[PDB]
Engineer: 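This is the structure I have questions about; it appears just below.
So that the names make sense, note that chain A is the first sequence line, chain B the second, and so on, each numbered from 1. Worth knowing before you read on, the calculation uses all heavy atoms, side chains too, and leaves out hydrogens, waters and symmetry mates.
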Amino acid sequence: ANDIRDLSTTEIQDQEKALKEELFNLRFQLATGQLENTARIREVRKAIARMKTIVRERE
RNA sequence: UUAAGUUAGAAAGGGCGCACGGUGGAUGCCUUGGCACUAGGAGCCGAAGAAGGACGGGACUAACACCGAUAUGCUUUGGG
Ligand SMILES: [Mg+2]
């Protein structure tokens, strides 16, 4: 959270993209039954949320 | 032995009493919920989109509760 606030808006935007891609691949693996660490999903969801929050605080 | 006479016992099933079960949810005990008030506060919400909803959100989710594509939560300030 404090680490996110360090980054620029554009850099956060790119951090989101990565997390969105990560979340997508987790959901993919999960559906194909190839995901063990299913707790990863919630973390990534929360992370995305956190990043959007900081960006909206910037404005 | 014949004759005459008298009387017993019997239960297919049934009755009464008793014993033991079943069913059923009365009664007692209990209380998560109600009822009536008192004192104090407050008596409004809505185009800055209401009341009330629908559909969604969990690793798996039928329902309830919570939340809204930032979805079973996000940030922050305090408590602990
Ligand atoms: Mg704290």
Engineer: Atom CG of A:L26 to atom P of B:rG58: distance rounded to whole Å?
Structural biologist: 13 Å
Engineer: Return the nearest nucleotide to the side chain of A:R27; candidates are B:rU70, B:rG58, B:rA59.
Structural biologist: B:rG58
Engineer: To the nearest 0.5 angstrom, please state how far the OG1 atom of A:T9 sits from the CD atom of A:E59.
Structural biologist: 9.0 Å
Engineer: Among B:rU75, B:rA59, B:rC74, find the nucleotide with the atom closest to the side chain of A:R42.
Structural biologist: B:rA59
Engineer: Assess whether side chain to side chain contact (heavy atoms under 4.5 Å, CB included) is satisfied between A:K46 and A:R42, documenting all intermediate values.
Structural biologist: CA-CA 6 Å; A:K46 256 63 173 309; A:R42 182 168 293 180; 4.1 Å; yes
Engineer: Decide between north and south for B:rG52, the convention being positive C1'-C2'-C3'-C4' for north and negative for south.
Structural biologist: north
Engineer: How many whole angstroms separate atom CD1 of A:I4 from atom P of B:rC74?
Structural biologist: 12 Å
Engineer: Between the side chain of A:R58 and the main-chain N/O of A:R5, is any donor-acceptor distance below 3.5 Å?
Structural biologist: yes
Engineer: If a positive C1'-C2'-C3'-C4' torsion means north (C3'-endo side) and a negative one means south (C2'-endo side), where does B:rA48 fall?
Structural biologist: south
Engineer: Looking at the strand neighbours B:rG57 and B:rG58, are the centres of their six-membered rings under 5.5 angstrom apart while the planes meet at under 30 degrees?
Structural biologist: no
Engineer: Out of the candidates A:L35, A:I41, A:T32, only one should pair with A:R27 under the side chain to side chain contact (heavy atoms under 4.5 Å, CB included) rule; please name it.
Structural biologist: A:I41
Engineer: Is there a path from A:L30 to A:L23 through hydrophobic residues (I, L, V, M, F, W, Y) whose side chains come within less than 4.5 Å of each other?
Structural biologist: yes
Engineer: Under the rule that ring centres be under 5.5 Å apart and planes under 30 degrees, are B:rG46 and B:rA47 stacked?
Structural biologist: no
Engineer: Between B:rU70 and B:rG57, how far is it from one P atom to the other, in whole Å?
Structural biologist: 14 Å
Engineer: Indicate yes if the six-membered rings of B:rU23 and B:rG24 are centred less than 5.5 Å apart and inclined by less than 30°, otherwise no.
Structural biologist: yes
Engineer: Return the value, rounded to whole Å, for the distance between atom CD of A:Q29 and atom P of B:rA59.
Structural biologist: 15 Å
Engineer: Run the side chain to side chain contact (heavy atoms under 4.5 Å, CB included) check on A:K17 and A:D14 step by step: do they pass?
Structural biologist: CA-CA 5 Å; A:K17 283 184 181 61; A:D14 295 358; 4.3 Å; yes
Engineer: If we take the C1' atom in both B:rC55 and B:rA63, what is their distance in whole Å?
Structural biologist: 16 Å
Engineer: Identify the two heavy atoms, one from A:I12 and one from A:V55, that lie closest to each other, and give their separation to 0.1 Å.
Structural biologist: CG2-CG2, 3.5 Å
Engineer: Consider the side chain of A:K46, meaning its heavy atoms from C-beta on, and name the nucleotide among B:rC74, B:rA59, B:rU75 that approaches it most closely.
Structural biologist: B:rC74
Engineer: Could you state the atom-to-atom distance from NZ of A:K52 to P of B:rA69 in whole Å?
Structural biologist: 10 Å
Engineer: Using atom P of each nucleotide, how far apart are B:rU6 and B:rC16 to the nearest Å?
Structural biologist: 36 Å
Engineer: Syn or anti for B:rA47? Use the chi torsion, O4'-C1'-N9-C4 for purines and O4'-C1'-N1-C2 for pyrimidines, with syn inside 90° of 0.
Structural biologist: syn
Engineer: So A:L30, base contact, sugar-phosphate only, or nothing? Heavy-atom distance under 4.0 Å.
Structural biologist: sugar-phosphate
Engineer: Does B:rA51 count as syn, meaning its glycosidic angle lies within 90° of 0, or as anti?
Structural biologist: anti
Engineer: Please state the P separation for the pair B:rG52 and B:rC45 - nearest whole angstrom.
Structural biologist: 14 Å
Engineer: Write down the distance separating the P atoms in B:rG56 and B:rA51, rounded off to the nearest Å.
Structural biologist: 22 Å
Engineer: Taking the same atom, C1', in B:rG41 and in B:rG33, what whole-Å distance lies between them?
Structural biologist: 26 Å
Engineer: Roughly how many Å is it from CD1 in A:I48 to P in B:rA71, rounded to a whole number?
Structural biologist: 8 Å
Engineer: Between B:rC67 and B:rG73, how far apart are the two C1' atoms, rounded to whole Å?
Structural biologist: 6 Å
Engineer: With RNA chain B as reference, determine whether A:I41 or A:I54 sits nearer its 5' end, using the nearest nucleotide of each.
Structural biologist: A:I41
Engineer: Spell out, as yes or no, whether a donor-acceptor pair under 3.5 Å connects the side chain of A:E22 to the backbone of A:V44.
Structural biologist: no
Engineer: Quantified in whole Å, what is the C1' atom distance between nucleotide B:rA50 and nucleotide B:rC64?
Structural biologist: 26 Å
Engineer: CD of A:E36: more than 12 outside heavy atoms within 6.0 angstrom?
Structural biologist: no
Engineer: Based on whether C1'-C2'-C3'-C4' is positive or negative, which pucker family does B:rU7 belong to?
Structural biologist: north
Engineer: Using the sign of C1'-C2'-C3'-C4', would you call the sugar of B:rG68 north or south?
Structural biologist: south
Engineer: Check whether any side-chain N or O of A:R45 sits under 4.0 Å from OP1 or OP2 of B:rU72, and answer yes or no.
Structural biologist: yes
Engineer: Side chain to side chain contact (heavy atoms under 4.5 Å, CB included), that's the test. Do A:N37 and A:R40 meet it? Break it down for me.
Structural biologist: CA-CA 6 Å; A:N37 184 11; A:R40 182 83 268 244; 4.1 Å; yes
Engineer: Expressed as a whole number of angstroms, how long is the span from A:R56:CZ to B:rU76:P?
Structural biologist: 17 Å
Engineer: Is there stacking between B:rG78 and B:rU77 - six-membered ring centres closer than 5.5 Å and planes within an angle under 30°?
Structural biologist: yes
Engineer: Rounding to a whole Å, what distance do you find between A:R5:CZ and B:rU75:P?
Structural biologist: 8 Å
Engineer: Check for me whether B:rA39 and B:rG40 meet both conditions: six-membered ring centres under 5.5 Å apart and planes under 30°.
Structural biologist: yes
Engineer: What's the CE-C1' distance between A:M51 and B:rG73, to the nearest Å?
Structural biologist: 17 Å
Engineer: Identify, via the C1'-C2'-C3'-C4' dihedral, which side the sugar of B:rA11 sits on: north or south.
Structural biologist: south
Engineer: Using Watson-Crick and G-U wobble pairs whose two distances are both under 3.5 Å, how do you write the pairing of RNA chain B as dot-bracket, with | for links to another strand?
Structural biologist: ......................................................(((.......[)))...]........
Engineer: Answer with base, sugar-phosphate or nothing: what part of the nucleic acid does A:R58 contact at a heavy-atom distance below 4.0 Å?
Structural biologist: nothing
